[PDB]
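Written below as structure tokens is the structure these notes are about.
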Amino acid sequence: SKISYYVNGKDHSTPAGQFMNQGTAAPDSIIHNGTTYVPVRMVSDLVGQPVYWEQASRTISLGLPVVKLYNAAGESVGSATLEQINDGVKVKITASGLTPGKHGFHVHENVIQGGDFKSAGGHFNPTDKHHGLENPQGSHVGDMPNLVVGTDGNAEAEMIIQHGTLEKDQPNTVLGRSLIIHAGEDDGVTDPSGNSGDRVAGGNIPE
Amino acid sequence: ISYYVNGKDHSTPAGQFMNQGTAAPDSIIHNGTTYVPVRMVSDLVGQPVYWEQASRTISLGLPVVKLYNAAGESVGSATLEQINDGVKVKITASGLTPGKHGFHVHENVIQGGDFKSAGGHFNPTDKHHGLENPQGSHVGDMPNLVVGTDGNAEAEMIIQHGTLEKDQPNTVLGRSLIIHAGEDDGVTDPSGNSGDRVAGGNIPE
Ligand SMILES: [Cu+2]
Ligand SMILES: [Cu+2]
Ligand SMILES: [Zn+2]
Ligand SMILES: [Zn+2]
């Protein structure tokens, strides 16, 4: 049975009762216990706000993307919000339980699969630059300043992904990638990662 | 599943959405696709949601009424909007005889295209019928729809003192709109002598 959807009086119904997304079809509606359900990737069109979906962690973000950060063991270490600004994305990060000192902090190219930080790949580098904000041949769009962790093991910071975008399908789109916190300090000059070393925490940027 | 709104956690305590006086899972996985309740996400952005069973329509932001004739053909559509003075109705209809047609909010939903089942005019303030009656009027009383030679109505009208707020005396949610065969004379109890019911639709809730 066809369910119809109107938004402020305008028809948003699908033509055949199917929702299409990245070359897959799904029924556009399920009714269960009297409640109407729609696919997660359809519900932006119905609520007039961007809807971000992190499939492996089953996290929906409305408005601002949320990044949940985990250690290698799958335990929560903190979170971050992203917000689009002029020619960048503003990252507001909270983290706890990290070793005091400076930690390398970057957007990596790939999503983390199965909680294995090696799967994140290298730094997000759509402009084909060398690593480092202090490098004359820098920098990766993914490069941020070190996360400064206190004696208490905590960090709170606002970093900018310079030239990053939350818009979909753009060379500098940071949606559907990852944030990685390193064990070591980023020296701001050395390829590929500022001599940042191991990946101690990370999380997926929804899309 | 987890829900965040502009960065704050809005997740449910136990994975259940409270709706319709029952619980539904705050998500459903069907054949590799994650479904979420339209009402939970719309509620999180502050956008109202309404449902109408006969038309199987979800109305987001403002109610849409689908109008049908006795044969069950779609003959038009109305949007309802909350205003200071009541509820604004913007209506389009086709298939009507040229001339003036009575147009009212009736007290009940239409049960399966039986327009009699809509009952009388919505009358929460216990007045007489008619916008020209010194003892009027029903909250459900609107002016006549003027239908051209083409059989088409297009009008903007106010349900005076009506409301889309829930659980108020003058709530029009879950009632009906009826278009009559005849002209509403604006005076005669109980329906202005507007005669038969020729089209109608249920107001979402
Ligand atoms: Cu890195
Ligand atoms: Cu009537
Ligand atoms: Zn880099
Ligand atoms: Zn009346």
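Sequences listed follow chains A and B, in order. Mapped onto PDB author numbering, the consecutive letters of the first sequence carry residue numbers 14 to 220. Mapped onto PDB author numbering, the consecutive letters of the second sequence carry residue numbers 16 to 220. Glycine included, each C-beta is placed from N, C-alpha and C at the ideal position.
- Scanning the region 109-176 of chain A from its first residue to its last, the whole beta strand (DSSP E) runs of 3-plus residues come out as 114-116, 118-121, 160-162 and 168-175.
- Counting along the chain, the unbroken beta strand (DSSP E) around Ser89 of chain A starts and ends at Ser89 to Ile98.
- Those residues of the region 27-39 of chain A placed with their C-beta closer than 7 Å to a C-beta in chain B are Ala39, ordered along the chain.
- Following the DSSP letters along the chain, one finds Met55 of chain B in no beta strand (DSSP E) but inside the alpha helix (DSSP H) bounded by residues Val53 to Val60.
- In the structure shown, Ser17 of chain B adopts extended strand secondary structure according to DSSP, grouped into three states.
- Chain B has no Cβ within less than 9 Å of the Cβ of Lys115 of chain A.
- At a Cβ-Cβ threshold of 9 Å, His45 of chain B and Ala39 of chain A count as neighbours.
- Looking at B:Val20, B:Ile218, B:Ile16 and B:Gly163, the one whose alpha-carbon comes closest to that of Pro78 of chain A is B:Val20.
- Under DSSP, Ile193 of chain B forms a beta bridge with B:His119 and B:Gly215.
- The region 80-96 of chain B makes no contact with the region 80-97 of chain A, as fewer than three CB pairs between them are under 8 Å.
- Contact with chain A is absent for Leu188 of chain B, since none of that chain's Cβ atoms lies less than 9 Å from the residue's Cβ.
- Among the residues of chain B, those whose CB is under 8 Å from the CB of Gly47 of chain A are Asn34, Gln35, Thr37 and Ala39, following chain order.
- Rounded to whole angstroms, the gap between the alpha carbons of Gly114 of chain A and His25 of chain B is 33 Å.
- The Cβ neighbour count for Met33 of chain B, taken over all protein chains shown within 10 Å, is under 16; the residue is labelled exposed.
- Unbroken alpha helix (DSSP H) stretches of 4 residues or longer found wholly inside the region 23-50 of chain B: none.
- Counting other Cβ atoms within 10 Å of its Cβ, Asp165 of chain B stays below 16 and is therefore classed as exposed.
- Under DSSP, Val202 of chain A forms no beta bridge with any residue.
- Listed in chain order, the non-local C-beta contacts of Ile193 of chain B below 7 Å within the same chain comprise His119, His121, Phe130, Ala133, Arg212 and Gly215, local neighbours out to five positions each way being set aside.
- In the displayed model, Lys181 of chain A falls within coil according to three-state DSSP, outside both helix and strand.
- For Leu75 of chain B, the uninterrupted beta strand (DSSP E) segment begins and ends at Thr72 to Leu75.
- Separation of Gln183 of chain B and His176 of chain B (C-alpha to C-alpha, rounded to the nearest whole angstrom) is 11 Å.
- Just measuring C-alpha positions, the residue of B:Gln68, B:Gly76, B:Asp58 and B:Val51 sitting nearest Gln68 of chain A is B:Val51.
- Linking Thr178 of chain B to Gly47 of chain A through their CA atoms gives a straight-line distance of about 25 Å.
- Contact between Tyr65 of chain B and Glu220 of chain B holds: their C-beta atoms lie close to 6 Å from each other, under 8 Å.
- Judged by the Cβ position, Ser132 of chain B fails to qualify as a neighbour of ligand 2 at the 8 Å threshold, every heavy atom of the ligand being at least this far.
- The straight-line gap separating the alpha-carbon atoms of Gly117 of chain B and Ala168 of chain B is approximately 12 Å.
- Those residues whose C-beta sits under 5 Å from the nearest heavy atom of ligand 2 are, from N- to C-terminal order along the chain, B:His119 and B:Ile193.
- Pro63 of chain A is a Cβ neighbour of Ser57 of chain A, given a cutoff of 9 Å.
- Collapsing the DSSP output to three states places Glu67 of chain A in a strand.
- Beta-bridge annotation (DSSP): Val80 of chain A is paired with A:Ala93.
- In this structure, the C-beta of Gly197 of chain B stays at least 8 Å away from each heavy atom of ligand 4.
- Inter-residue distance for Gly151 of chain B and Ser17 of chain A is about 37 Å (C-alpha atoms, whole angstroms).
- Look at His176 of chain B: its beta carbon is at least 8 Å from all of the heavy atoms in ligand 4.
- If you draw a straight line from the Cα of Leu146 of chain A to the Cα of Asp204 of chain A, it is about 12 Å long.
- When CB distances to chain B are screened at a threshold of 9 Å, the residues of the region 68-89 of chain A falling below it are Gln68, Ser70, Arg71, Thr72, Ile73, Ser74, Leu75, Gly76, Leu77, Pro78, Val79 and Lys81, in chain order.
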